[PDB]
Number of protein chains: 2
Amino acid sequence: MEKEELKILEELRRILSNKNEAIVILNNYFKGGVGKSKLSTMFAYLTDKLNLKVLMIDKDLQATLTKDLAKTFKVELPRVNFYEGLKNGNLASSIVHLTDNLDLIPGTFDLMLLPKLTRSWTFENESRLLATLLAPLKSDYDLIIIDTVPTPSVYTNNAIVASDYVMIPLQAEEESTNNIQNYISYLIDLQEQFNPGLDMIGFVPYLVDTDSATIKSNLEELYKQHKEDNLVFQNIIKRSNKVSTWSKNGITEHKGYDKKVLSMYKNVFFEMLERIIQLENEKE
Amino acid sequence: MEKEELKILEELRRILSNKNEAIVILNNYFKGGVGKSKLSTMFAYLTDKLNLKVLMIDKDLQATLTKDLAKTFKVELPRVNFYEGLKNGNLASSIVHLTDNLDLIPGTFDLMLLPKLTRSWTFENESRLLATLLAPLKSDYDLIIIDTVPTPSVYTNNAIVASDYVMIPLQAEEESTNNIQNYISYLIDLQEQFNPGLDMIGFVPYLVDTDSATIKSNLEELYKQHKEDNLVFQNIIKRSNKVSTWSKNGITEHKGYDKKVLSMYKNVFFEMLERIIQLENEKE
Ligand SMILES: Nc1ncnc2c1ncn2[C@@H]1O[C@H](COP(=O)(O)OP(=O)(O)OP(O)(O)=S)[C@@H](O)[C@H]1O
Ligand SMILES: Nc1ncnc2c1ncn2[C@@H]1O[C@H](COP(=O)(O)OP(=O)(O)OP(O)(O)=S)[C@@H](O)[C@H]1O
Ligand SMILES: [Mg+2]
Ligand SMILES: [Mg+2]
């Protein structure tokens with residue numbers, strides 16, 4: 001499994017043993033179609049292979065992650081759906097078991113009822129709801145990985161307030177400095193009010209065309225912009241036909257290019273862990 | 001232009017002459033990828049051909065409609081973007097002119113700042129913002145057509161409160177009775193509080209596979225369910241490779257299948273007008 005990857009996992013497990021509860025990671029950005037749900041699926045898959053105990057959370061009406069995971073894993077309907085769990089103030093009956101390692105709180109269209117549920121609440125109580133209900137679950141997991149909508153909403157606010165770390169997938173050529181700074185301002189707003197320890201892991205570039213001069217050049221410029229803070233991931237995600245195959249048939253390892261495309265996701269995953277480890281080692 | 005279509009347009013213009021201001025139409029549903037933005041583009045295109053004076057409103061951070069329209073029309077940047085117009089309490093400087101008939105308020109990523117802007121406002125003042133700023137513009141247009149996000153949010157609430165009629169595109173096989181009723185409950189909530197005259201035009205089926213037994217059968221069942229209220233459109237939208245061509249190159253009429261795919265959109269458009277006319281003829 002490579003020595004360096006083994007060392008990263010040992011270090012993760014050591015940090016988790018010090019923390020004594022899960023680290024919560026959010027994949028988020030306000031553009032659709034940049035691979036947030038796909039990264040989430042591939043992280044679920046990889047963590048299960050690595051025997052990490054993980055809770056995936058699909059906080060999207062569309063339930064994209066849930067339906068995608070169901071291509072590879074047996075995904076049951078939960079006794080109580082995510083929206084009803086939130087309404088009941090307990091998420092315990094909303095968890096399904098994909099493997100002995102991998103759990104999921106599935107998405108449901110009933111999440112559309114959430115903003116009405118919380119309409120009369122204080123902004124604080126609305127925004128802290130997910131965090132409050134995740135708190136008792138964290139001792140049961142190594143990682144909790146949240147996927148949600150791209151539109152600023154009750155969903156995004158809950159996800160951000162519940163998380164320790166945020167991964168930001170984006171297409172460099174589609175974003176401007178202003179876009180990124182505005183998005184970061186949104187995170188800062190919620191961090192200061194409700195979640196001061198929130199950290200950005202970094203930006204995860206998505207490259208839809210490997211033979212595009214403008215795509216290459218915009219990516220170069222993003223790296224330049226973030227030379228000092230080092231926020232741009234060194235390992236990136238490239239569009240692959242293989243992902244389309246896995247989205248139809250389920251994820252496999254025994255076919256041509258399966259292991260090569262898997263290593264692309266693995267390299268992002270491990271870079272994410274490295275970045276988390278560095279931040280955790282710095283921490284209080 | 002066919003006699004029956006000419007009669008529908010005369011009747012529209014007669015109704016608009018009685019109203020003395022634009023009718024506002026919203027394409028909305030809480031599932032992504034069902035052709036809301038595409039229908040909006042095709043309605044912009046068709047109305048321009050018919051010399052109807054139309055304001056398109058792209059209330060989406062992703063600006064999908066805006067970028068799509070820019071394939072066919074010259075789309076300038078507005079002096080003041082949509083978010084800043086909302087913040088300034090005037091949308092007049094946020095309008096661009098695509099043709100002598102067709103105007104657009106373009107989408108902008110800066111719309112992400114809206115929920116923070118309105119955070120301290122009453123739910124009423126937050127929800128009525130778009131309607132309030134559209135009011136002075138309506139005398140200048142025959143139709144105002146709004147496209148927005150699929151996620152329940154400040155955006156959806158503003159769009160719904162501003163509109164006279166809602167068109168609901170969906171894939172029948174992807175929805176359940178519960179989904180539709182829950183969505184309709186959301187409309188009802190805002191209708192009762194802020195917009196009692198709001199009418200649903202109907203459901204516009206999107207068929208992604210013409211050779212699918214389950215897709216056909218789910219569509220049949222939806223029609224059965226709505227036998228009495230007649231809410232399901234008789235004219236539907238089918239997936240077409242041509243739409244992919246127009247999305248890359250712009251809309252054309254001089255190529256193979258151009259006019260056939262255009263008539264598909266035209267038939268939905270005219271059915272929409274028929275349905276609006278029937279409701280208007282009933283009205284106060
Ligand atoms: N590396 C990849 N190669 C090829 N296809 C991909 C890749 N990553 C994602 N996709 C596909 O692109 C589409 C969008 O990816 P998602 O992960 O669903 O995006 P998202 O960022 O979650 O979008 P939302 O939730 O609308 S903001 C899906 O059909 C994926 O299967
Ligand atoms: N009839 C059609 N045939 C082929 N492609 C289509 C058709 N209608 C839409 N599309 C394409 O399908 C994709 C989704 O359509 P949109 O109109 O963007 O969906 P939407 O309902 O606006 O989605 P959101 O805003 O994420 S909820 C786009 O790439 C369109 O170009
Ligand atoms: Mg997603
Ligand atoms: Mg759209």
# chains A, B, ... in the order shown; residues from 1 in each chain; ligands from 1
>>> residues_near_ligand(ligand="ligand 4", cutoff="12 Å", atoms="only C-alpha atoms and all ligand atoms", output="PyMOL selection string")
(chain A and resi 32-33+151) or (chain B and resi 26-41+57-68+107+146-151+169)
>>> residues_around(residues="residue 209 in chain B", least_positions_apart="5", cutoff="8 Å", atoms="only C-alpha atoms", output="PDB file with N, CA and C atoms, in the first residue's frame")
ATOM      1  N   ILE B 215     -40.035   4.784 -18.405  1.00  0.00           N
ATOM      2  CA  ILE B 215     -40.262   6.212 -18.633  1.00  0.00           C
ATOM      3  C   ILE B 215     -41.659   6.443 -19.210  1.00  0.00           C
ATOM      4  N   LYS B 238     -38.769  16.150 -25.336  1.00  0.00           N
ATOM      5  CA  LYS B 238     -37.949  14.953 -25.469  1.00  0.00           C
ATOM      6  C   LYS B 238     -36.474  15.321 -25.617  1.00  0.00           C
ATOM      7  N   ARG B 239     -35.606  14.497 -25.040  1.00  0.00           N
ATOM      8  CA  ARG B 239     -34.168  14.711 -25.194  1.00  0.00           C
ATOM      9  C   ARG B 239     -33.832  14.672 -26.695  1.00  0.00           C
TER      10      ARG B 239
END
>>> select_by_dssp(residues="range 201-240 of chain B", states="helix (DSSP H, G or I)", output="PyMOL selection string")
chain B and resi 213-225
>>> write_last_selection(atoms="C-alpha atoms", output="PDB file, in the first residue's frame")
ATOM      1  CA  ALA B 213     -40.719   1.225 -21.086  1.00  0.00           C
ATOM      2  CA  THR B 214     -40.523   2.568 -17.510  1.00  0.00           C
ATOM      3  CA  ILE B 215     -40.262   6.212 -18.633  1.00  0.00           C
ATOM      4  CA  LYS B 216     -43.330   5.749 -20.887  1.00  0.00           C
ATOM      5  CA  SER B 217     -45.282   4.006 -18.144  1.00  0.00           C
ATOM      6  CA  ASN B 218     -44.482   6.579 -15.423  1.00  0.00           C
ATOM      7  CA  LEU B 219     -45.574   9.351 -17.767  1.00  0.00           C
ATOM      8  CA  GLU B 220     -48.855   7.463 -18.455  1.00  0.00           C
ATOM      9  CA  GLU B 221     -49.459   7.230 -14.705  1.00  0.00           C
ATOM     10  CA  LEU B 222     -48.882  10.947 -14.172  1.00  0.00           C
ATOM     11  CA  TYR B 223     -51.483  11.771 -16.840  1.00  0.00           C
ATOM     12  CA  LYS B 224     -53.900   9.329 -15.112  1.00  0.00           C
ATOM     13  CA  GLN B 225     -53.317  11.007 -11.740  1.00  0.00           C
TER      14      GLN B 225
END
>>> select_by_dssp(residues="range 92-160 of chain B", states="strand (DSSP E)", output="MDAnalysis selection string")
chainID B and resid 96:97 102:105 143:148
>>> write_last_selection(atoms="N, CA, C and O atoms", output="PDB file, in the first residue's frame")
ATOM      1  N   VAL B  96     -29.884  44.269 -19.860  1.00  0.00           N
ATOM      2  CA  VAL B  96     -29.193  44.311 -21.138  1.00  0.00           C
ATOM      3  C   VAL B  96     -30.160  43.993 -22.278  1.00  0.00           C
ATOM      4  O   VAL B  96     -31.218  43.371 -22.074  1.00  0.00           O
ATOM      5  N   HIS B  97     -29.815  44.447 -23.480  1.00  0.00           N
ATOM      6  CA  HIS B  97     -30.720  44.361 -24.624  1.00  0.00           C
ATOM      7  C   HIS B  97     -30.151  43.414 -25.652  1.00  0.00           C
ATOM      8  O   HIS B  97     -29.112  43.701 -26.258  1.00  0.00           O
ATOM      9  N   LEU B 102     -36.065  41.560 -26.987  1.00  0.00           N
ATOM     10  CA  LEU B 102     -35.610  40.657 -25.899  1.00  0.00           C
ATOM     11  C   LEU B 102     -34.558  41.284 -24.995  1.00  0.00           C
ATOM     12  O   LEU B 102     -33.458  41.614 -25.446  1.00  0.00           O
ATOM     13  N   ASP B 103     -34.900  41.418 -23.710  1.00  0.00           N
ATOM     14  CA  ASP B 103     -34.025  41.947 -22.693  1.00  0.00           C
ATOM     15  C   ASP B 103     -33.691  40.832 -21.697  1.00  0.00           C
ATOM     16  O   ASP B 103     -34.403  39.800 -21.616  1.00  0.00           O
ATOM     17  N   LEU B 104     -32.629  41.052 -20.939  1.00  0.00           N
ATOM     18  CA  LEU B 104     -32.196  40.075 -19.928  1.00  0.00           C
ATOM     19  C   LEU B 104     -31.646  40.787 -18.704  1.00  0.00           C
ATOM     20  O   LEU B 104     -30.871  41.751 -18.847  1.00  0.00           O
ATOM     21  N   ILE B 105     -32.023  40.320 -17.504  1.00  0.00           N
ATOM     22  CA  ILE B 105     -31.237  40.628 -16.296  1.00  0.00           C
ATOM     23  C   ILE B 105     -30.314  39.403 -16.095  1.00  0.00           C
ATOM     24  O   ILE B 105     -30.808  38.332 -15.747  1.00  0.00           O
ATOM     25  N   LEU B 143     -44.055  39.985 -21.523  1.00  0.00           N
ATOM     26  CA  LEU B 143     -43.818  38.870 -20.580  1.00  0.00           C
ATOM     27  C   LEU B 143     -42.515  39.064 -19.839  1.00  0.00           C
ATOM     28  O   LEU B 143     -41.554  39.640 -20.376  1.00  0.00           O
ATOM     29  N   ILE B 144     -42.490  38.568 -18.604  1.00  0.00           N
ATOM     30  CA  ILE B 144     -41.244  38.471 -17.836  1.00  0.00           C
ATOM     31  C   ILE B 144     -41.111  36.979 -17.512  1.00  0.00           C
ATOM     32  O   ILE B 144     -42.038  36.378 -16.975  1.00  0.00           O
ATOM     33  N   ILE B 145     -39.969  36.390 -17.850  1.00  0.00           N
ATOM     34  CA  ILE B 145     -39.775  34.963 -17.661  1.00  0.00           C
ATOM     35  C   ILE B 145     -38.553  34.771 -16.751  1.00  0.00           C
ATOM     36  O   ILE B 145     -37.421  35.204 -17.064  1.00  0.00           O
ATOM     37  N   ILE B 146     -38.802  34.112 -15.621  1.00  0.00           N
ATOM     38  CA  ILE B 146     -37.791  33.962 -14.576  1.00  0.00           C
ATOM     39  C   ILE B 146     -37.281  32.516 -14.555  1.00  0.00           C
ATOM     40  O   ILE B 146     -38.064  31.563 -14.615  1.00  0.00           O
ATOM     41  N   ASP B 147     -35.958  32.373 -14.468  1.00  0.00           N
ATOM     42  CA  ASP B 147     -35.279  31.085 -14.302  1.00  0.00           C
ATOM     43  C   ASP B 147     -34.446  31.217 -13.017  1.00  0.00           C
ATOM     44  O   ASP B 147     -33.869  32.277 -12.744  1.00  0.00           O
ATOM     45  N   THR B 148     -34.419  30.174 -12.198  1.00  0.00           N
ATOM     46  CA  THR B 148     -33.644  30.260 -10.961  1.00  0.00           C
ATOM     47  C   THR B 148     -33.115  28.874 -10.555  1.00  0.00           C
ATOM     48  O   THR B 148     -33.212  27.876 -11.311  1.00  0.00           O
TER      49      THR B 148
END
>>> residues_around(residues="residue 256 in chain A", least_positions_apart="6", cutoff="12 Å", atoms="only C-alpha atoms", output="JSON, numbers by chain")
{"A": [241, 242, 245, 262]}
>>> residues_around(residues="residue 277 in chain A", least_positions_apart="2", cutoff="9 Å", atoms="only C-alpha atoms", output="list in words")
residues 8, 11, 12, 15, 272, 273, 274, 275, 279, 280, 281 and 282 of chain A
>>> write_last_selection(atoms="N, CA, C and O atoms", output="short mmCIF file (atom, residue, chain, number, x, y, z; two decimals), in the first residue's frame")
data_model
loop_
_atom_site.label_atom_id
_atom_site.label_comp_id
_atom_site.auth_asym_id
_atom_site.auth_seq_id
_atom_site.Cartn_x
_atom_site.Cartn_y
_atom_site.Cartn_z
N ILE A 8 0.95 7.99 6.56
CA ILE A 8 -0.13 8.99 6.62
C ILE A 8 -1.34 8.45 7.40
O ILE A 8 -1.87 9.14 8.28
N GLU A 11 -0.57 8.20 11.08
CA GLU A 11 -0.62 9.53 11.67
C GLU A 11 -2.06 10.02 11.84
O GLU A 11 -2.39 10.66 12.84
N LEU A 12 -2.90 9.74 10.85
CA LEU A 12 -4.35 10.04 10.98
C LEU A 12 -4.93 9.37 12.21
O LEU A 12 -5.62 9.98 13.02
N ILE A 15 -3.82 11.02 15.44
CA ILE A 15 -4.60 12.26 15.63
C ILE A 15 -6.04 11.96 16.10
O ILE A 15 -6.54 12.62 17.00
N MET A 272 -5.26 15.41 0.84
CA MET A 272 -6.21 15.93 1.84
C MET A 272 -5.82 15.52 3.27
O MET A 272 -5.82 16.34 4.20
N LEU A 273 -5.53 14.24 3.47
CA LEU A 273 -5.08 13.77 4.78
C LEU A 273 -3.79 14.48 5.23
O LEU A 273 -3.69 14.87 6.40
N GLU A 274 -2.83 14.64 4.32
CA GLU A 274 -1.56 15.33 4.65
C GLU A 274 -1.83 16.75 5.19
O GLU A 274 -1.28 17.18 6.21
N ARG A 275 -2.71 17.44 4.48
CA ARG A 275 -3.09 18.80 4.80
C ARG A 275 -3.84 18.89 6.13
O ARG A 275 -3.60 19.81 6.92
N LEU A 279 -2.43 20.60 9.80
CA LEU A 279 -3.26 21.52 10.58
C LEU A 279 -3.55 20.99 11.97
O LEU A 279 -3.47 21.73 12.94
N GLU A 280 -3.88 19.70 12.06
CA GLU A 280 -4.10 19.05 13.36
C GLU A 280 -2.85 19.09 14.26
O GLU A 280 -2.94 19.34 15.47
N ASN A 281 -1.68 18.84 13.66
CA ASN A 281 -0.42 18.87 14.41
C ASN A 281 -0.13 20.26 14.97
O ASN A 281 0.54 20.39 15.99
N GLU A 282 -0.63 21.29 14.30
CA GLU A 282 -0.47 22.67 14.76
C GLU A 282 -1.38 22.99 15.94
O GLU A 282 -1.06 23.87 16.75
#
>>> residues_around(residues="residue 5 in chain A", least_positions_apart="2", cutoff="10 Å", atoms="only C-alpha atoms", output="ChimeraX atom specification")
/A:1-3,7-11,266-267,270-271,273-274
>>> interface_residues(of="chain A", to="chain B", cutoff="10 Å", atoms="only C-alpha atoms", output="ChimeraX atom specification")
/A:30-32,60-62,108-116,119-120,123,149-155,175-176,178-180,182-183,185-186,189
>>> atom_distance(atom1="atom 14 (C, counted along the ligand's line) of ligand 1", atom2="CA of residue 202 in chain A")
19.7 Å
>>> residues_around(residues="residue 138 in chain B", least_positions_apart="2", cutoff="10 Å", atoms="only C-alpha atoms", output="ChimeraX atom specification")
/B:20-24,54-55,133-136,140-144
>>> write_last_selection(atoms="C-alpha atoms", output="mmCIF file, in the first residue's frame")
data_model
loop_
_atom_site.group_PDB
_atom_site.id
_atom_site.type_symbol
_atom_site.label_atom_id
_atom_site.label_comp_id
_atom_site.auth_asym_id
_atom_site.auth_seq_id
_atom_site.Cartn_x
_atom_site.Cartn_y
_atom_site.Cartn_z
ATOM 1 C CA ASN B 20 -51.673 46.986 -19.096
ATOM 2 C CA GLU B 21 -48.503 45.311 -17.768
ATOM 3 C CA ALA B 22 -46.446 42.143 -18.207
ATOM 4 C CA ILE B 23 -47.485 38.665 -17.112
ATOM 5 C CA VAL B 24 -44.645 37.070 -15.053
ATOM 6 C CA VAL B 54 -39.816 40.077 -23.063
ATOM 7 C CA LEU B 55 -37.600 40.472 -20.022
ATOM 8 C CA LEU B 133 -38.236 45.857 -7.827
ATOM 9 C CA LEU B 134 -40.011 44.249 -10.807
ATOM 10 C CA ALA B 135 -43.200 46.275 -10.245
ATOM 11 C CA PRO B 136 -41.979 49.477 -12.009
ATOM 12 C CA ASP B 140 -42.467 47.950 -20.313
ATOM 13 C CA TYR B 141 -42.930 44.268 -21.222
ATOM 14 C CA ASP B 142 -45.386 41.720 -22.555
ATOM 15 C CA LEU B 143 -43.818 38.870 -20.580
ATOM 16 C CA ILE B 144 -41.244 38.471 -17.836
#
>>> residues_around(residues="residue 264 in chain A", least_positions_apart="6", cutoff="10 Å", atoms="only C-alpha atoms", output="list in words")
residues 235, 236, 237 and 238 of chain A
>>> write_last_selection(atoms="N, CA and C atoms", output="PDB file, in the first residue's frame")
ATOM      1  N   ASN A 235      -2.210  17.651  -6.381  1.00  0.00           N
ATOM      2  CA  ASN A 235      -2.887  16.573  -7.082  1.00  0.00           C
ATOM      3  C   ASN A 235      -4.287  17.014  -7.466  1.00  0.00           C
ATOM      4  N   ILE A 236      -4.609  16.862  -8.745  1.00  0.00           N
ATOM      5  CA  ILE A 236      -5.848  17.439  -9.266  1.00  0.00           C
ATOM      6  C   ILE A 236      -6.733  16.349  -9.856  1.00  0.00           C
ATOM      7  N   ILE A 237      -7.963  16.732 -10.184  1.00  0.00           N
ATOM      8  CA  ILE A 237      -8.910  15.817 -10.815  1.00  0.00           C
ATOM      9  C   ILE A 237      -9.091  16.159 -12.282  1.00  0.00           C
ATOM     10  N   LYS A 238      -8.851  15.173 -13.146  1.00  0.00           N
ATOM     11  CA  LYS A 238      -9.067  15.334 -14.578  1.00  0.00           C
ATOM     12  C   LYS A 238     -10.312  14.571 -15.026  1.00  0.00           C
TER      13      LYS A 238
END
>>> closest_residue(among="A:250, A:173, A:131, A:203", to="residue 160 in chain A", atoms="only C-alpha atoms")
A:131
>>> atom_distance(atom1="CA of residue 71 in chain B", atom2="atom 12 (O, counted along the ligand's line) of ligand 1")
22.1 Å
>>> closest_residue(among="A:46, A:207, A:190, A:69", to="residue 259 in chain A", atoms="only C-alpha atoms")
A:46
